[PDB]
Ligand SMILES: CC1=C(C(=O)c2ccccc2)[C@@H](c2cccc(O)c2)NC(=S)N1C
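Just one chain follows, in the form deposited without this ligand, and it is written as structure tokens.
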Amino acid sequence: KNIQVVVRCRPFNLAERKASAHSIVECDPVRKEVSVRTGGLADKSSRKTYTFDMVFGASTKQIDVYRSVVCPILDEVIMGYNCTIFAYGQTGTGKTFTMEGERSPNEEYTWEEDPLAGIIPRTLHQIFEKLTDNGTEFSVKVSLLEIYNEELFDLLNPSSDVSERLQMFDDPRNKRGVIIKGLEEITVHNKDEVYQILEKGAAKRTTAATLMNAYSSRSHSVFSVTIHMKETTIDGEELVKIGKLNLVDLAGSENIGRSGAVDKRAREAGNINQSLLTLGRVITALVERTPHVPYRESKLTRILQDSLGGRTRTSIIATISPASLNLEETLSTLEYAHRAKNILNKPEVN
């Protein structure tokens, strides 16, 4: 029911160290708290403390995030629930690193084995493991799209033609969802098939350089895995359930004064910030029990509508930087992520 919200603080990066930035973030997984020194060079004691469902410090390894957050989600999907996990936070704090991850040097590991692997590569591997172990008759279908400047583009369409803006419509046979017309939904039979498709897909997800992040996501990435399951019980009863998992890598809050974003990059930041703002208003509207929730004001919240206050089991991974340089941005991330904890969802099997 209640949306699960966890926070992950990444390690200081080079630029922060070279700028002699100091640490203003303390994570306490035990108490499940994140405290932020809000004082300034003046006050070095005053702290702002938030309590979440789970808190991951700078030493948190990919596998830790997965075992703690994803594994339980994965089983729910197998149960026939609709689930969503999305990474949220300031540009450069670890959303993409967390959702997709990277690859260790010299092929010392296969994708699934890699300690740098993110949530998505691990989940595609695990999905088949659990399904084969389950015994059900199953079919797996995947899709990947990015929301770029309020337009939708399929990232898995293999065609050579330039990608067209996909149109979105409410699902006729389901008032709790949308339909992306023309979106490719590729049937996959094992991790190898999925991995080939995934790396090519994630590779073309619009990424560009900004002073804050040389590898900044210029769009919100939405990777969906739909699983059709059909089994026959010992009672000769045939049950058909459908599970779905949305792994979302959002673009992140960006102060163009700091990112130095110009024209095209600035245009992207404008859309990114506006869409995230709309996400914040949706969250706030749900926590305040407001008569209206502004889902329709952005393609992001339309896609995430059922995930936010609907019949989807949702988990949020708020990513933050430990540097004193990002006090306002960090507080903003923690504040909205904290509010999200109070949103009540009504998950139900399909």
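So that the term is clear: the rigid core is the largest set of C-alpha atoms that superpose within 1.5 Å between two forms. Position 1 is the first residue in the sequence shown; the rest follow in order.
We do not show the form solved in complex with this ligand, though everything after this point is about it.
Participant: This ligand placed by superposing the site C-alphas onto its pose in the deposited bound form: is the shown form open or blocked, blocked being 3 or more ligand atoms within 2.4 Å of backbone or C-beta?
Facilitator: Blocked pocket: the modelled ligand, placed by site superposition, has 3 or more atoms clashing at the 2.4 Å cut-off.
Participant: Verify the flagged residues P121, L144 and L198 against this ligand in the deposited bound form: is each one within 4.5 Å by a non-hydrogen atom?
Facilitator: Spot residues vs this ligand: full contact, yes.
Participant: I need to confirm a contact call. Of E102, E185, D170, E151, which residue comes within 4.5 Å of this ligand in the deposited bound form, counting heavy atoms only?
Facilitator: After the contact test, the surviving option is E102.
Participant: Using a 4.5 Å heavy atom cut-off, which residue among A202, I78, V140, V178 comes into contact with this ligand in the deposited bound form?
Facilitator: For this set of options, the contacting one is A202.
Participant: Just one stretch in 113-121, 132-140, 235-243, 158-166 has heavy atoms within 4.5 Å of this ligand in the deposited bound form, so which one is it?
Facilitator: Within 4.5 Å of the partner lies stretch 113-121.
Participant: Please look at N82, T98, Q90, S216 and say which one has a C-alpha shift reaching 2 Å or more between this form and the one not shown, core superposed.
Facilitator: Among the listed residues, the outlier is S216.
Participant: Does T207 shift between this form and the one not shown by 2 angstroms or more at the C-alpha, the core having been superposed?
Facilitator: Yes, shifts by 2 Å or more.
Participant: My question is whether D43 is one of the residues whose C-alpha shifts by 2 Å or more between this form and the one not shown, given a fit on the rigid core.
Facilitator: Passes the 2 Å threshold, so yes.
Participant: Verify the C-alpha shift of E238 between this form and the one not shown: is it 2 Å or more after superposing the core?
Facilitator: Comparing the forms between this form and the one not shown, which are aligned on their rigid core, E238 does shift its C-alpha by 2 Å or more.
Participant: Which is it in the deposited bound form for the CA atoms of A214 and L155, closer or farther than here, knowing they shift by 3 Å or more?
Facilitator: Compared with the form shown here, the C-alpha atoms of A214 and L155 sit closer together in the deposited bound form, by 3 Å or more.
Participant: Have a look at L144 and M212: in the deposited bound form, are their Cα atoms closer together or farther apart than in this form, given the change is 3 Å or more?
Facilitator: Closer together, which means the C-alphas of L144 and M212 are at least 3 Å nearer in the deposited bound form.
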